[PDB]
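The structure under discussion appears below in the form of structure tokens.
The analysis underlying the following values was restricted to heavy atoms, covering all of them including side chains, and did not include hydrogens, waters or symmetry mates. Every chain is numbered from 1, with letters handed out A, B, ... down the list of sequences.
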Amino acid sequence: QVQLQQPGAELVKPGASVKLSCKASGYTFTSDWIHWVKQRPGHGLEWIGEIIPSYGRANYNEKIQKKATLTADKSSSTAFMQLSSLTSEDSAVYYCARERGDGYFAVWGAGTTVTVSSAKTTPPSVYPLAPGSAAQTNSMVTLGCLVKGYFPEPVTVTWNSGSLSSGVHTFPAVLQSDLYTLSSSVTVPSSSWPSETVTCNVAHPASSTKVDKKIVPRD
Amino acid sequence: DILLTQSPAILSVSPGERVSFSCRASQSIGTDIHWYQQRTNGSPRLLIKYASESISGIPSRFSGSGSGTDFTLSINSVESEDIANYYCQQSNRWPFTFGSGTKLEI
Amino acid sequence: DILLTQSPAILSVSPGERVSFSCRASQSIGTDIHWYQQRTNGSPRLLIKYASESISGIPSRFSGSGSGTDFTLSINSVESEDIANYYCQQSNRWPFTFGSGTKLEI
Amino acid sequence: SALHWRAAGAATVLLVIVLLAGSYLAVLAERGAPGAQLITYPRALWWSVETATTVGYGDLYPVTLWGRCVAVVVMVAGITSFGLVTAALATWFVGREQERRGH
Amino acid sequence: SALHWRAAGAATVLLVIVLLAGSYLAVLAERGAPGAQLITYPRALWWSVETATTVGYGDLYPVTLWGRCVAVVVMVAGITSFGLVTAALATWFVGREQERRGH
Ligand SMILES: CCCCCCCCCO
Ligand SMILES: CCCCCCCCCO
């Protein structure tokens, strides 16, 4: 099972603050340390700080401005990172990791994408993408879905509740006028569609929404 | 603070060939170096700990070597799923630090 | 005699930006490095002791980091009153020595 | 059993407990200090044994105030325990020599 | 109280005094010698404890004649004090074993 669970996203206004959480499961030892690592889009991993829940003591990276404050609840075995007075420089994916006190990060969370802006949360519009009537088809067919006008990142796109992984491309989002848009494509054998259903699932953590859209042939 | 230099930043190889990533520490750190793989949109994954110890669940084509200040992560017969960013991390002296990462390209 | 190199000798920054002064020791000195600020016609003033320990009476925007041979003095959101010369000093080995100093310019 | 022998066992148990607590506390005290190497439990436990025996390899040592305080408790516990075993061996030999002399 | 126990306490007091005086004197002896690291009181006191216990980390040591002379007094004071505690523990166990044997 998933050893560390983090919320998918957090939208924060410039100047405001947010408290990220990290719920752990699996084996727990008094010798465990919970670390937080920051990754700005396109950049590398940056160690932020650590905390030892069994004692509540925390240490931080001295080379960078201290934006975080770590704490942990031993009963709900959850670790928290309080980030305050954030600017756009603080927009990034924040991962939590567990170390058994022996130097390496055995397990990592999926990370929380934190966006700092004054824009407002906006759920995505999901439009189907079926071939046109005149399009000829080979032994394979390509379908997709358009996820348009959402904010902030990210969105997770899966095909048939995740049962279909092979032949899937989800393009990076493009930002235009305070709203993101991206498409995801899937390729299946021509014979299997529309015989067997093909549906894309789009979850947008920032707005706690997850919509489905079945891909059926145009008229 | 231990500086870990990973160069080249990008490594291009043909399918099935052996590839080696480099990691140089600014000072001697025994074998306290660990390697992680991070694929696109994915989170980091431990590949090798303490310079050469295999992690269960990781393909046998992954191995590590070195001690002191020079370390190497090797992949025998590289394949498509190995396409990703690779990072080294040291735990010899506080604070733990990461290398800048090397991207594998086929 | 421990040589402390402070480079660049002059650092130019815009108001409110974060700035970092560099200090490299010719040999490892743990965290036995101290930072002083000396304004025009003024006498030296202790800002940070032992690489990162804050001194009471010094603004919180001043911090230090590093160990071994590489040290950094940082100022978050620089302002006019920070205009001055900055020196590092080591106390790891006798005799104590000073760096050549870095001038902050806005 | 006899006192000295009991006190020895006790000394062995306290020492083991001091080694473990010492290893845990050393890591707690040292992480946070740039340059510190006494920061992972397995080597910290090796450090605790080195310290208790005063073997002096010099491959690991605390650089912080609290870590050094921890070091002192381990050194003293080790020096005292081994010294207590010596006294126990002494008491044992003395008792036997008395018998052997028909005293 | 009994002699050995008193002598032990005395040994503990003299040692503490030797540690402090030793720390002060080491700095006095070492400053002035280029390369010397035993030059600030807090670490000099850590050095004094290391020396008295012969723990052997090797992170600090005098390089001057007078500093080394100071080191010898601390080593001897430490070795002697811990050795005196061992003898006290021995005398204590021996007295008890005598009783326990109805002698
Ligand atoms: C003799 C010193 C007391 C034991 C060590 C406590 C350390 C706590 C963490 O900093
Ligand atoms: C045993 C040596 C005498 C004590 C040390 C005196 C040092 C004086 C300063 O140089």
Do side-chain atoms of [X] reach the backbone of [Y] as a donor and acceptor pair under 3.5 angstrom?
| X | Y | answer |
| --- | --- | --- |
| C:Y87 | C:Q38 | no |
| B:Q90 | B:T31 | no |
| C:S52 | C:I48 | no |
| D:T40 | A:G103 | no |
| A:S54 | A:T30 | yes |
| C:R18 | C:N76 | no |

Do you know the tightest heavy-atom contact between [X] and [Y]?
| X | Y | value |
| --- | --- | --- |
| E:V18 | E:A77 | CG1-CB, 3.9 Å |
| C:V13 | C:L104 | CG1-CD1, 3.8 Å |
| D:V70 | D:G22 | CG1-O, 3.8 Å |
| D:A29 | D:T64 | O-OG1, 3.4 Å |
| B:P95 | B:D1 | CG-OD2, 3.5 Å |
| D:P62 | D:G67 | CB-C, 3.6 Å |

Using a 4.5 Å cut-off on heavy atoms from C-beta on, say whether the side chain of [Y] contacts that of [X].
| X | Y | result |
| --- | --- | --- |
| D:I79 | E:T53 | yes |
| E:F82 | E:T86 | no |
| C:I29 | C:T69 | no |
| C:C23 | C:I33 | yes |
| C:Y36 | C:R45 | no |
| D:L25 | A:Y55 | no |
| B:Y50 | B:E53 | yes |
| B:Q89 | B:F96 | yes |

I need the [X] [atom1] to [Y] [atom2] distance, nearest 0.5 Å.
| X | Y | atom1 | atom2 | result |
| --- | --- | --- | --- | --- |
| D:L28 | D:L38 | CG | CG | 11.5 Å |
| A:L70 | A:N59 | CG | CG | 9.0 Å |
| C:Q37 | C:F21 | CD | CZ | 8.5 Å |
| C:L4 | C:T97 | CG | OG1 | 4.5 Å |
| C:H34 | C:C88 | NE2 | SG | 10.5 Å |
| C:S28 | C:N92 | OG | CG | 7.0 Å |

Task: A:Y104/B:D32 under side chain to side chain contact (heavy atoms under 4.5 Å, CB included): CA gap, chis, key distance, verdict - done: CA-CA 9 Å; A:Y104 56 84; B:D32 297 332; over 6 Å; no
TODO: For the pair D:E30 and D:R43, find out whether any cationic side-chain nitrogen is under 4.0 Å from an anionic carboxylate oxygen.
DONE: no
Open item on the list: Strictly below 4.0 Å, N to O, side chains only: are C:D82 and C:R61 in salt-bridge contact?
Closed with: yes
Open item on the list: Between D:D59 and D:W46, is the side chain to side chain contact (heavy atoms under 4.5 Å, CB included) condition met? List the steps.
Closed with: CA-CA 10 Å; D:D59 56 325; D:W46 167 233; 3.3 Å; yes
TODO: Please determine if D:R31 forms a cation-pi arrangement with A:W33, meaning its NZ or CZ atom is less than 6.0 Å from the six-membered ring centre and no more than 45° off the ring axis.
DONE: yes
Distance-only polar pair, side chains of [X] and [Y], donor-acceptor under 3.5 Å:
| X | Y | answer |
| --- | --- | --- |
| D:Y57 | D:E50 | no |
| A:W47 | A:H35 | yes |
| B:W94 | A:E50 | yes |
| C:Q6 | C:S100 | no |
| C:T72 | C:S20 | no |
| E:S23 | E:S48 | yes |

Task: Stepwise side chain to side chain contact (heavy atoms under 4.5 Å, CB included) test for A:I52 and A:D32 - done: CA-CA 6 Å; A:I52 179 176; A:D32 292 337; over 6 Å; no
Open item on the list: A quick test of your reading: do over 12 heavy atoms of other residues, nucleotides or ligands sit less than 6.0 Å from OH of E:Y61?
Closed with: no
TODO: Start with the C-alpha gap between D:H4 and E:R96, add the side-chain angles, then the distance that decides, and say whether side chain to side chain contact (heavy atoms under 4.5 Å, CB included) holds.
DONE: CA-CA 9 Å; D:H4 55 89; E:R96 296 295 183 175; over 6 Å; no
